[PDB]
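Peer 1: Protein sequences appear in the order of chains A and E. Positions 33 to 44, 49 to 430 (the entry's author numbering) are the ones given, in order, by the first sequence. Positions 32 to 47 (the entry's author numbering) are the ones given, in order, by the second sequence. Got a structure for you, questions after.
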Amino acid sequence: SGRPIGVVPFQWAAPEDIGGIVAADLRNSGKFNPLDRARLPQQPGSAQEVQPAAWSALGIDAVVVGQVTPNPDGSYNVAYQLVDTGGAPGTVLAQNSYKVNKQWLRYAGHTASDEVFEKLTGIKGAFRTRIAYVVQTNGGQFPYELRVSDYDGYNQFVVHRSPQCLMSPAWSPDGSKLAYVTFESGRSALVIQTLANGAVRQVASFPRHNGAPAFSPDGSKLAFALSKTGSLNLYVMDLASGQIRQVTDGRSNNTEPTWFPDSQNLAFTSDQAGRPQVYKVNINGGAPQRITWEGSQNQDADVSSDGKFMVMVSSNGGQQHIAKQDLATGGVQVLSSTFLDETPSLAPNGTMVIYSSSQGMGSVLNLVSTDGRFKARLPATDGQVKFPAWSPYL
Amino acid sequence: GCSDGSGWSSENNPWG
Ligand SMILES: [Ca+2]
């Protein structure tokens, strides 16, 4: 299912298949079903060449066409037009053209997808966003790498290598920094690394565990978990002052904070009721409220950017899977069907979830659309990959 | 192994 749409190979071998990136982006969203390339009624290279009737016969009311041309200096011009084949046939609904160097060709495709997506759904596109994650390689000296790639797995680069375990990266809302857990000192420490220059700020290294960071959306605070007291509890740092307040205090374990849009409330995982469940608490007036009542276990949540839902790892009768819970109804929908589903993270427009599974025996991340309609494996890495974290809008 | 001691979270012995 999803809205059928025509995505035509772009007019030029071409250095990159821009039309294919657009189709893959739109499909990944769940919201679209780009027509199989072998079943296209034609391959128009321009808006004028589009025959609306041949696309409307197939249930298609919009068509993406475009052009890639070489510039004498070795750069490329990428243009797309979105042509109506429904109520205003032959009309151009959106279009753009821009000049890119060869290494920004995928990015040129993701721009087109973002604009076509927003035009047709009214939802901001997330195809130019990034993911962070940790890979344990088979290298001896620095087996752990914190890496970043495009959301779809291409254009990977290394942010930090370590001889010791890394965990749980988290993006600043401006997209310029990653917080994370490192065991490089011989025990856990929480640090924030600035991506542009690699500078590292030391945030915390209290006795026992320092973990599971999250930046508030307004950019002012970092939430995280400490076990110095005897069990894991939540704390928040005012990033300007460096000051730390305690948020949960109790004998139970409380970890994996995620922010609500207001930058004042956290959801988090607690074992207070026995098996893990998700709770909500104010970082000021402290008294946690249980919010997950389906299944027998729920954990590791990520609240959407509009505050309307969250994703999490939910267990009902033996099966642990990525699930989505409406925060104003308690209604739960199971999204993933893979094995050992863990650590979900939502795209900034709430339309896709990245998470880890048994696919590739640990070496693959997976995408699932939050409507449940589309599922895929990302390109395999050269190691075990864990703790994905989907960037803000960039 | 690096672990939060929780017995259950994502930072509980994630790397075996
Ligand atoms: Ca998490």
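Even for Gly, the Cβ is constructed at its ideal location relative to N, Cα and C.
If we count the other Cβ atoms within 10 Å of its Cβ and call it buried at 16 or more, is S212 of chain A buried or exposed?
Peer 2: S212 of chain A comes out exposed.
Peer 1: Return helix, strand or coil for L182 of chain A, following the three-state DSSP convention.
Peer 2: Correct three-state label for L182 of chain A: strand.
Peer 1: For the segment 258-275 of chain A and the segment 402-419 of chain A, state whether three or more C-beta atom pairs, one from each stretch, are separated by less than 8 Å.
Peer 2: The answer is no - the segment 402-419 of chain A does not touch the segment 258-275 of chain A, with fewer than three Cβ pairs under 8 Å.
Peer 1: Under 7 Å between beta-carbons, which chain E residues line up against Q313 of chain A? List them in chain order, please.
Peer 2: Result: empty, since nearest Cβ-Cβ is about 11 Å, beyond 7 Å.
Peer 1: Between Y429 of chain A and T165 of chain A, is the Cβ-Cβ spacing less than 8 Å?
Peer 2: Yes, they are a contact pair.
Peer 1: Measuring CB atoms only, is the segment 33-41 of chain A touching the segment 92-108 of chain A, in the sense that at least three cross pairs come out at less than 8 Å?
Peer 2: With the cut-off at 8 Å, the segment 33-41 of chain A and the segment 92-108 of chain A touch.
Peer 1: With a cut-off of 8 Å, does the C-beta of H245 of chain A fall near any C-beta of chain E?
Peer 2: Closer than 8 Å to some Cβ of chain E, the Cβ of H245 of chain A qualifies, so yes.
Peer 1: What number of angstroms, rounded off, separates the C-alpha of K344 of chain A from the C-alpha of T365 of chain A?
Peer 2: Looking at the two C-alpha atoms, the distance is approximately 10 Å.
Peer 1: Do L118 of chain A and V86 of chain A have their C-beta atoms within less than 8 Å of each other?
Peer 2: Their beta carbons are not under 8 Å apart, which means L118 of chain A does not touch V86 of chain A by this criterion.
Peer 1: With a threshold of 6 Å on Cβ separation, who are the neighbours of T294 of chain A within its own chain once the five nearest residues in sequence on each side are excluded?
Peer 2: Cβ neighbours of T294 of chain A beyond the five flanking positions: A250, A303, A337, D338 and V339.
Peer 1: Find the nearest neighbour of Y112 of chain A within the set A:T121, A:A144 and A:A89, judged by alpha-carbon distance.
Peer 2: Checked all of A:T121, A:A144 and A:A89; the closest Cα to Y112 of chain A is A:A144.
Peer 1: Under 7 Å from any heavy atom of ligand 1, does the C-beta of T218 of chain A make it?
Peer 2: Flag unset: Cβ of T218 of chain A not near ligand 1.
Peer 1: Can you tell me where the beta strand (DSSP E) holding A359 of chain A begins and where it ends?
Peer 2: Start and end: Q355 to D362.
Peer 1: So the alpha helix (DSSP H) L156 of chain A belongs to, where does it begin and stop?
Peer 2: Taken as a continuous stretch (DSSP letters only), the alpha helix (DSSP H) holding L156 of chain A covers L141 to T157.
Peer 1: Measure the alpha-carbon distance for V368 of chain A versus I228 of chain A and round it to whole angstroms.
Peer 2: Near 34 Å, if we compare the C-alpha coordinates of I228 of chain A and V368 of chain A.
Peer 1: Three-state secondary structure (DSSP) at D61 of chain A?
Peer 2: Three-state DSSP puts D61 of chain A in a helix.
Peer 1: Would you report the Cα separation of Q192 of chain A and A89 of chain A, rounded to the nearest angstrom?
Peer 2: Cα-Cα distance, rounded: 42 Å.
Peer 1: Please tell me whether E292 of chain A has its Cβ less than 8 Å away from any Cβ of chain E.
Peer 2: Interface residue, yes.
Peer 1: Evaluate contact between the segment 62-80 of chain A and the segment 128-141 of chain A, counting only Cβ atoms and requiring at least three cross-stretch pairs below 8 Å.
Peer 2: No, the segment 62-80 of chain A does not touch the segment 128-141 of chain A.
Peer 1: Quick check on the burial criterion: 16 or more other C-beta atoms within 10 angstroms. Buried or exposed for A416 of chain A?
Peer 2: When all chains shown are included, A416 of chain A counts as exposed.
Peer 1: Can the beta-carbon of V104 of chain A be found closer than 8 Å to that of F42 of chain A?
Peer 2: Yes.
Peer 1: For the segment 171-184 of chain A, which residues have a beta carbon sitting closer than 8 Å to at least one beta carbon of chain E?
Peer 2: Per Cβ criterion, the list reads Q172.
Peer 1: Would you tell me roughly how many angstroms separate the C-alpha atoms of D186 of chain A and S241 of chain A, rounded to the nearest one?
Peer 2: C-alpha separation (whole angstroms): 31 Å.
Peer 1: Please check the pair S381 of chain A and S351 of chain A, which I expect to be a contact at CB under 8 Å, by giving their CB distance rounded to whole angstroms.
Peer 2: With 8 Å as the limit, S381 of chain A and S351 of chain A do not qualify as a contact, their Cβ atoms being about 19 Å apart.
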